[PDB]
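Asks: Chains as they are written, first to last, in the deposited numbering: chain B, 1 to 109; chain A, 1 to 109.
Here a beta-carbon is modelled for each residue, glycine too, at the ideal position from N, C-alpha and C.
Before anything else, here's the structure in question.
2 protein chains.
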Amino acid sequence: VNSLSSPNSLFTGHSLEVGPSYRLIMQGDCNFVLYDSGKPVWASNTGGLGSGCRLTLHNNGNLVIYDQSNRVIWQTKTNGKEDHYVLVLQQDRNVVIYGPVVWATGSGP
Amino acid sequence: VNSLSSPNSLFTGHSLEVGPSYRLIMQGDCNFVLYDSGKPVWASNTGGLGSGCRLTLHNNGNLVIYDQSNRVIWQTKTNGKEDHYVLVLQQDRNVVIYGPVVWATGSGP
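What follows is the structure, given as structure tokens:
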């Protein structure tokens, strides 16, 4: 899976992955980093700032990193219209947040 | 990969896939259908309406099916602000279009 949609979360150790060799992981040291074949190409730089962190994408578009005590360790603070959004790790290696919802098949949830 | 971003396309035979057992395929008969373990749970119902079809998600949010002669076989007609959008096949089995872009890492393209 290379997407995380509102209001889902990426708990400690969880990651999104897409070809050719990309992995976006929520590490145990609270550092949210993007790997390219073993090379860190991007990171929230919050390594060591918390324990049991999770990356939550809220329904308003705000992407937040919370520690085990629910403290806001990091956030893009891009919260707007209360709807549904998605975090996408792309094959072009860019990680993007899109929203709100424009259309759906209704085949889910 | 379980995502298709503007203005990319899913040519004949191509598909998105996500767990547990979901596959969104652009078939050769031009029918755009969602499969759940081999069971069709959703479709554009355009099977047999064209040849060499492709599913294109434009930068304005409009998702269109074109035959080999560029004829508009099907469309969600959800075109709005010219930006960048994404079509996501979700683990909850719903297929959603999100946009515009809210944030990106800049780690790509």
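(1) Assuming residue 80 (chain A) and residue 94 (chain A) are in contact, meaning their beta carbons sit under 8 Å apart, how far apart are those beta carbons, in whole angstroms?
(2) Tell me which residue opens and which closes the beta strand (DSSP E) that residue 91 (chain A) is part of.
(3) I'd like to know whether the C-beta atoms of residue 98 (chain B) and residue 102 (chain A) end up nearer to each other than 8 Å.
(4) Considering Cα atoms alone, identify which of B:90, B:108, B:100 is closest to residue 58 (chain B).
(5) In terms of residues, what are the limits of the beta strand (DSSP E) holding residue 22 (chain B)?
(6) Can you pull out the residues from the stretch 67 to 100 of chain B whose beta carbon lies closer than 8 Å to at least one beta carbon of chain A?
(7) Less than 8 Å between CB atoms is the rule here; does residue 13 (chain B) satisfy it with respect to chain A?
(8) Buried or exposed: where does residue 69 (chain B) fall if 16 or more other Cβ atoms within 10 Å of its Cβ makes it buried?
(9) By the three-class DSSP mapping on this structure, what secondary structure does residue 11 (chain B) have?
(10) Where does residue 3 (chain B) land, buried or exposed, given buried means 16+ other C-beta within 10 angstroms?
(11) Residues in its own chain within less than 6 Å of residue 76 (chain A) by CB, not counting five upstream and five downstream?
(12) Which value, in whole angstroms, describes the spacing of the CA atoms of residue 91 (chain A) and residue 16 (chain A)?
(13) Below 8 Å on C-beta distance, what does residue 31 (chain A) contact in chain B?
(14) How far does the beta strand (DSSP E) with residue 56 (chain A) in it reach, from first residue to last?
(15) Using a 10 Å radius around the Cβ and a threshold of 16 neighbouring Cβ atoms, would you call residue 5 (chain B) buried or exposed?
(16) Per the DSSP calculation, residue 75 (chain B) is bridged to which residue(s)?
(17) Under the rule that 16 or more other beta-carbon atoms within 10 Å means buried, what is residue 72 (chain A), buried or exposed?
(18) Count the CB pairs spanning the stretch 46 to 55 of chain B and the stretch 24 to 38 of chain B that are closer than 8 Å, and state whether there are at least three.
(19) Check the Cβ of residue 108 (chain B) against every Cβ in chain A and list those closer than 8 Å, keeping chain order.
(20) Determine the closest residue to residue 11 (chain A) out of A:53, A:35, A:20, with distance taken between C-alpha atoms.
(21) For residue 18 (chain A) and chain B, any beta-carbon pair shorter than 8 Å?
(22) According to the Cβ coordinates, are residue 87 (chain B) and residue 22 (chain B) closer than 8 Å?
Replies: The structure says:
(1) No, residue 80 (chain A) and residue 94 (chain A) are not in contact; Cβ-Cβ is about 20 Å, not under 8 Å.
(2) No beta strand (DSSP E) holds residue 91 (chain A); DSSP gives it neither H nor E.
(3) Contact: yes.
(4) Ranking the options by Cα distance to residue 58 (chain B), first place goes to B:100.
(5) Per DSSP, residue 22 (chain B) is one residue of the beta strand (DSSP E) stretching across 22 to 26.
(6) Answer in chain order: 76, 78, 80, 84, 85, 86, 88, 90, 91, 92, 93, 94, 95, 96, 97, 98, 99, 100.
(7) Judged by the 8 Å Cβ criterion, residue 13 (chain B) is not in contact with chain A.
(8) Classification of residue 69 (chain B): exposed, given that the 10 Å Cβ count is below 16.
(9) In this structure, DSSP gives residue 11 (chain B) a state outside helix and strand, which the three-state scheme calls coil.
(10) The residue in question, residue 3 (chain B), is buried, as its Cβ has 16 or more Cβ neighbours within 10 Å.
(11) The beta carbon of residue 76 (chain A) sits closer than 6 Å to those of 63, all from its chain and outside the five residues before and after it, given in chain order.
(12) Going by C-alpha positions, residue 91 (chain A) is about 11 Å away from residue 16 (chain A).
(13) Chain-ordered listing is empty here: chain B has no CB closer than 8 Å to the CB of residue 31 (chain A), the nearest sitting near 14 Å.
(14) For residue 56 (chain A), the enclosing beta strand (DSSP E) starts and ends at 54 to 57.
(15) When all chains shown are included, residue 5 (chain B) counts as buried.
(16) Residue 75 (chain B) is bridged to B:64.
(17) Burial call: exposed.
(18) Contact between the stretch 46 to 55 of chain B and the stretch 24 to 38 of chain B is present: three or more C-beta pairs spanning the two stretches fall below 8 Å.
(19) 90, 92, 93, 94, 95, listed in chain order.
(20) If we check each option's Cα against that of residue 11 (chain A), A:53 comes out closest.
(21) With 8 Å as the cut-off, residue 18 (chain A) counts as an interface residue toward chain B.
(22) Going by C-beta atoms, residue 87 (chain B) is not nearer than 8 Å to residue 22 (chain B).
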